[PDB]
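For the protein sequence lines, the chains are A and B, in the order given.
Per the entry's author numbering, numbering through the first sequence is continuous, rising by one, with the last residue being 99.
Per the entry's author numbering, numbering through the second sequence is continuous, rising by one, with the last residue being 199.
Have a look at the structure below, then the notes.
2 protein chains.
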Amino acid sequence: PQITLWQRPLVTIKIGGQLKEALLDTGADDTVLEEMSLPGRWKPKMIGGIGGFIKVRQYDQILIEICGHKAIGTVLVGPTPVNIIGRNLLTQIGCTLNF
Amino acid sequence: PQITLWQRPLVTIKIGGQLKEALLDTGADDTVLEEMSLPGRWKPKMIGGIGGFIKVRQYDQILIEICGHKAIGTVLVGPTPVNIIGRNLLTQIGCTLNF
Ligand SMILES: COC(=O)N[C@H](C(=O)NN(CC[C@@](O)(Cc1ccccc1)C(=O)N[C@H]1c2ccccc2C[C@H]1O)Cc1ccc(-c2ccccn2)cc1)C(C)(C)C
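Pasting the structure below:
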């Protein structure tokens, strides 16, 4: 699909058996979601953006489906204001910027 | 052009006759640049990111070139970690997400 940027590029994702709305963010190195439970081991990480850093939990090798496309990758969980799909997963679904 | 996301989508922009490196960010509503000088009067604005909010100076109808594409719009200036090109200008250059 071709997604215009007149509005925020929000899409539905499927993760941990849950359906959520997330923002396709080319400016984000990683994917970070609001508090939720995920399987497996995790390690702490500090990620920074406008306003500073927040501490999140890092889960690796997590299966996610973005707008119909399946992928696997690292997913961070923490106090993010909105669910964000970063480059680590955008690449997997073949997402590109075009102009 | 078509830009993949295996690395940060950094591009060269031209503003105030000077070249700078900026991030094409589909997750950003606005365009915010690191401290610099711009002409005219500015208005206050508070913008929020993953770490919280920051106060910035808002300048309107500013000439700015992005990857050679000319645009004229709102540019925010403040303590941002990196130069960010938001949707307000990505739409002006005809940028879309595709997969
Ligand atoms: C509506 O608000 C915005 O569009 N804000 C813009 C913005 O922060 N966008 N950001 C993404 C911005 C960025 O891409 C910029 C950046 C890039 C590189 C280095 C430093 C900053 C970002 O921070 N990226 C980081 C990042 C992000 C997620 C996971 C990992 C990482 C690591 C980094 O790559 C998404 C966002 C959207 C809404 C709210 C929000 C807040 C309050 C209320 C409602 N919503 C909070 C965060 C901005 C720029 C301040 C205009």
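We treat Cβ as the ideally placed atom computed from N, Cα and C, and that holds for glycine.
Under 9 Å between C-beta atoms of residue i and residue j
{"i": "B/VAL132", "j": "B/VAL175", "result": "yes"}
{"i": "A/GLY51", "j": "B/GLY152", "result": "yes"}
{"i": "B/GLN102", "j": "A/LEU63", "result": "no"}
{"i": "A/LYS55", "j": "A/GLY78", "result": "yes"}
{"i": "B/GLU121", "j": "B/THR180", "result": "no"}
With 16 other Cβ atoms within 10 Å as the buried cut-off, status of residue i
{"i": "B/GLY127", "result": "buried"}
{"i": "A/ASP30", "result": "buried"}
{"i": "A/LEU5", "result": "buried"}
{"i": "B/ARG187", "result": "buried"}
{"i": "A/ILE47", "result": "buried"}
{"i": "B/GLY140", "result": "exposed"}
Range covered by the alpha helix (DSSP H) that runs through residue i
{"i": "B/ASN188", "result": "187-190"}
Sequence-distant residues of its chain with Cβ nearer than 7 Å to residue i (five each side left out)
{"i": "A/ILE66", "result": "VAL11, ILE13, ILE85, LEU89 and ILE93"}
{"i": "A/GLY16", "result": "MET36, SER37 and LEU38"}
{"i": "A/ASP60", "result": "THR74"}
{"i": "A/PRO9", "result": "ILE3, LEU23 and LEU24"}
Close beta carbons around residue i, own chain, < 6 Å, minus the five adjacent residues each side
{"i": "residue 207 of chain B", "result": "The requested residue 207 of chain B is not part of the displayed model; chain B covers only 101 to 199."}
{"i": "B/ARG157", "result": "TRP142 and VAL177"}
{"i": "A/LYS45", "result": "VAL56 and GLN58"}
Residue i, enclosing beta strand (DSSP E) - first and last residue
{"i": "B/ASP160", "result": "152-166"}
{"i": "A/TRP42", "result": "42-49"}
{"i": "A/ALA22", "result": "18-24"}
{"i": "A/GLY73", "result": "69-77"}
{"i": "A/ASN98", "result": "96-98"}
{"i": "B/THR112", "result": "110-115"}
Contact set for residue i: own chain, Cβ-Cβ below 8 Å, skip 5 residues either direction
{"i": "B/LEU119", "result": "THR112 and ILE113"}
{"i": "A/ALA71", "result": "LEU63, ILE64, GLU65, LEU89, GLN92 and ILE93"}
Check: Taking a cut of 8 Å between CB atoms, which residues from the stretch 138-161 of chain B lie near chain A?
Finding: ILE147, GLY148, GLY149, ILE150, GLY151, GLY152, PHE153 and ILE154
ask   = Of all the residues that make up the stretch 176-197 of chain B, which are near chain A by a beta-carbon distance shorter than 8 Å?
value = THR180, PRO181, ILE184, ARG187, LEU190, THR191, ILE193, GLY194, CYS195, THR196 and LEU197
field: Interface positions of the stretch 19-40 of chain A facing chain B (Cβ-Cβ less than 8 Å), listed along the chain
entry: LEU23, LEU24, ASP25, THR26, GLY27, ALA28, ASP29 and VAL32
Cβ-based contacts, 9 Å cut-off: residues of the stretch 107-118 of chain B near chain A: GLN107, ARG108 and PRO109
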